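# Reading the structure
Here are the chains, one letter per residue:
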Amino acid sequence: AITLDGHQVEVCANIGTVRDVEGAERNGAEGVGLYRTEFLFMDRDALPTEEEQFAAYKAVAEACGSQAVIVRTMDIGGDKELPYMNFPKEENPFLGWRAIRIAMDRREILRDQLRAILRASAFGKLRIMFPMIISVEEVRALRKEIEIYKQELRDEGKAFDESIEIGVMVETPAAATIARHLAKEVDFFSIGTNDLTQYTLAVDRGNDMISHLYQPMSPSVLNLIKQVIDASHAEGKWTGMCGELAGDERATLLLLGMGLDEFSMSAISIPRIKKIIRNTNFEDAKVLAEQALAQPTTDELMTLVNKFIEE
Amino acid sequence: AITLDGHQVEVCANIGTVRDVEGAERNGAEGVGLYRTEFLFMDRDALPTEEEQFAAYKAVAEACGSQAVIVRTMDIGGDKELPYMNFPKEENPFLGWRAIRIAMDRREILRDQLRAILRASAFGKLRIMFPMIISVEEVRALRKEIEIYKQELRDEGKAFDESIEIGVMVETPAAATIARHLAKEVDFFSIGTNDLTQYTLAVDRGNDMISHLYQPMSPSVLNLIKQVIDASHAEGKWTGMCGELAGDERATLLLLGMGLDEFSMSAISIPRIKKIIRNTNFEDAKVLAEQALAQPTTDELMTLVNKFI
């Protein structure tokens, strides 16, 4: 996954359970850019114990081998009906009691999952990623808690990856705007376009009245993405993408030009994207992205992008 | 409303009906920074015709006199408020079929409201403000419609302010990011922090479980705000404040430091704010805002803000 002029971009897969790893590797995945950990929490009568979580994370870590696996801490919410969770009704569930916030106020979940991931990190290169981050305060508190549990495992005599990398899933406009200060604290970003676009454009995709307004290729959201990417690069770090847009061949060349460091998508699409990257010149795509992200409307931007693709 | 070093800031009030105008002037209001036009649409069974809106807007425009009045186009929403609108039920009303869009796809609203406002602009300096703008595409379509209705009104023999000023209420992060491109098309900005903070931090204020996360004074929202202000100034234009935060003396000094051009509130607080602006140095507040908005945490920001005091 390196361009004709030598720009390397890690192309990975998204997985939901151990099984999907097989199909990922069959399709040439260069790693796991997103491990959805919802499968363990959903459809149970009790929270998935730390031992079961450790077993699953071990399974994936060992199934990958030399590849790195990014674990996404719980990202559930109100919509997903979990009967043993006693959820509250919210006027705007898409904007309410969900993701990291649940974890932070229900500390059992955090403790279990973080300890499990830390233990599993001893059998592979694991990375921890948090969703729905909005403030540097949350990341600092989370680093405190991570160090607490790291020491708790040390005092128990259990081995873990002391150099374990921590990252944020930049899916809120807040994290995108304060991206430079978060990049001063964590190791990587993974934007997950879906939620970033929905929050930036203030549009619910599952609302047929304005579904026509969901445009991840609009200058606003794409320039926020470029801001996050440049923030990561300013700190000598990197940014990835695991949202659907990563698996979109219409945006692959543009995102490459923007300097994106990692693509993560559903296994099936990995080959196509790979090909594009291997047959594109990174500097020309960077010039394209520079010219594009300066347009005021999605249509002019797409005109330029498709014009470039016309070669 | 001028500082001791000579920075002028038009400080206005927000109003809900003609009556409230009185309360503004008693407190030294220098204008109306936003006329909320929901009062006419709510508690009805039919859309308020252009004539009723024209009467109300004329009333306000003439009640002000030489002052400028910013009328805010409809900002309706909600689960199901007025049944004569045949609302659809939506999982996320705060993120769904909102006013500005409501107007655009139910176009009768546009012609009615814009015709009324343009006609009333002949009796005072009126300005039009749009909420919930997210894209230059929407603003361009609305400018097309505004010119359509201005010319159509000309052929009807009605007089209006040919220099009628147009502005955007920047309440979505999208509009905040494309502020420079929007400033090349409209005349002014007027930020609605209420909704902007909710959209940037992805927090529903009316959700008690995470209400503690609503922080309009966090570096994220405030840096988006400064982005909008500098975008307006880059185009030689101006930006105002219409959210509740404008009426907060805790933030007024900082907002002035950021280069804000207008404050708008329910009038009651105008005296307080007035004093502050006249008793603060704009350049010192500029330095304060520069160093403050560079902090990574809300608490450090608040520390510096209160330290200045």
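Residues numbered from 1 in each chain as written, not as in the entry; some residues may be left out. Chains lettered and ligands numbered in written order. Heavy atoms only, no water.

Per the deposition metadata, X-ray crystallography was the technique used to determine this entry, at a resolution of 3.50 Å.

Named according to the PDB entry, chain B is PEP-protein phosphotransferase system enzyme I originating from Escherichia coli. Looking at the PDB record, one finds the entry titled "CRYSTAL STRUCTURE OF THE C-TERMINAL DOMAIN OF ENZYME I OF THE BACTERIAL PHOSPHOTRANSFERASE SYSTEM FROM THE ESCHERICHIA COLI ENZYME". UniProt annotates chain B under Sequence similarities (unreviewed entry) with the comment "Belongs to the PEP-utilizing enzyme family." (UniProt positions renumbered as here; feature names shortened; annotations may be inferred.)

Chain A is annotated in the PDB entry as PEP-protein phosphotransferase system enzyme I of Escherichia coli. Turning to chain A, the UniProt annotation filed under Sequence similarities (unreviewed entry) states: "Belongs to the PEP-utilizing enzyme family." In the Cofactor (unreviewed entry) part of its UniProt record, chain A is described as follows: "Mg(2+)".

Let us look at the UniProt feature "binding site: Mg(2+)" (unreviewed entry) in chain A. Residues and elements named next belong to chain A. Those residues carrying the UniProt feature "binding site: Mg(2+)" (unreviewed entry) are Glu 171 and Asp 195 in this numbering. In three dimensions, the annotated residues from a span of 25 residues occupy one location, with a maximal C-alpha spread of 5.4 Å. Within the secondary structure, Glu 171 sits in the loop between strand 5 (165-168) and helix 7 (173-177). In this structure, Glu 171 is in contact with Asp 75, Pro 131, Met 132, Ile 191, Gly 192, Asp 195, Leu 196 and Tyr 199, ignoring residues within four places of it in sequence. Relative to the elements of secondary structure, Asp 195 occurs in helix 9 (residues 193-201). Overall, the relative accessible area of 13% leaves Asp 195 in the buried class. With sequence-adjacent residues up to four places away left out, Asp 195 is seen in contact with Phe 94, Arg 98 and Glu 171. (Helix = DSSP H or I, 4+ residues; strand = E, 2+ residues; numbered from the N terminus. Contact = heavy atoms within 4.5 Å. Buried < 20%, exposed > 50% of the residue type's maximum accessible area, 1.4 Å probe, protein only.)

With that out of the way, let us pick up the sheet that holds strand 3 (residues 68-72) of chain B. Residues and elements named next belong to chain B. Pairing is parallel in the closed barrel, where eight strands are placed in the order 1-2-3-4-5-6-7-8. Between one strand axis and the next, the sheet turns by 25° as a mean value, whatever way the strands run. Relative to strand 3, strand 2 (residues 32-36) runs parallel, the two sharing three bridges. Paired with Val 32 across the strands is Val 69, a residue of strand 3. Strand contacts of helix 10 (residues 219-234): strand 6 (188-191) and strand 7 (238-241), with the helix running at about 145° to strand 7, the strand carrying the most contacts. (Pairing = 2+ DSSP bridges. Axes fitted to C-alpha atoms, helices over the stretch in contact; angles between N-to-C directions.)

So, on to the pattern of salt bridges. A full pass over the atoms with the stated rule returns 48 salt bridges over all chains. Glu 147 of chain A is the partner of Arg 154 of chain A in a salt bridge, and the nearest nitrogen-oxygen pair spans 3.3 Å. We classify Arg 154 of chain A as partly exposed; its relative accessible area is 32%. Classification of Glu 147 of chain A as partly exposed rests on a relative accessible area of 41%. Among the ionic pairs, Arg 98 of chain B bridges to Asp 195 of chain B, the shortest N-O distance being 3.9 Å. Of this pair, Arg 98 of chain B sits in the loop between strand 3 and helix 4 (99-105) while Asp 195 of chain B is found in helix 9 (residues 193-201), placing the two residues 97 residues apart along the sequence. Residue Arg 98 of chain B is classed as buried on the basis of its relative accessible area, which comes to 8%. When salt bridges that share partners are traced, they join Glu 50, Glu 51, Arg 115, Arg 119, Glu 152, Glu 156 and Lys 158 of chain A into one network. (Salt bridge = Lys/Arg side-chain N within 4 Å of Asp/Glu carboxyl O.)

Turning our attention to the pairing of strand 5 of chain A. Residues and elements named next belong to chain A. As judged from the four bridges shared by strand 4 (residues 125-130) and strand 5, these two strands associate in the parallel manner. Bridging across to strand 5, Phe 130 finds its partner in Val 168. Remark: the strand 4/helix 6 (residues 136-156)/strand 5 crossover connection has right-handed handedness. Here strand 5 runs beside strand 6 (residues 188-190); their pairing, made up of two bridges, is parallel. Its bridge partner being in strand 6, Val 168 is matched across the sheet by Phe 189. (Right-handed = clockwise from strand over helix to strand, strands pointing away.)

Across the boundary between the two partners, chain A contributes 42 residues, which contact 44 residues of chain B. Roughly 3600 Å² is buried in total at the junction of chain A and chain B, and carbon and sulfur atoms are behind 62% of that figure. Along the contact surface separating chain A from chain B lie one salt bridge. A salt bridge links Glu 300 of chain A to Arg 140 of chain B; the shortest N-O distance between them is 3.4 Å. Across the chain A-chain B interface, the total number found is 16 residue pairs in polar contact. Secondary structure elements with two or more residues in the side of chain A that touches chain B: helix 4 (100-105), helix 6, helix 7, helix 9 and helix 10 (219-234) of chain A. (Buried area = accessible area lost by both parts, 1.4 Å probe. Polar contact = N/O pair within 3.5 Å; in protein donor to acceptor, adjacent residues only side chain to side chain.)

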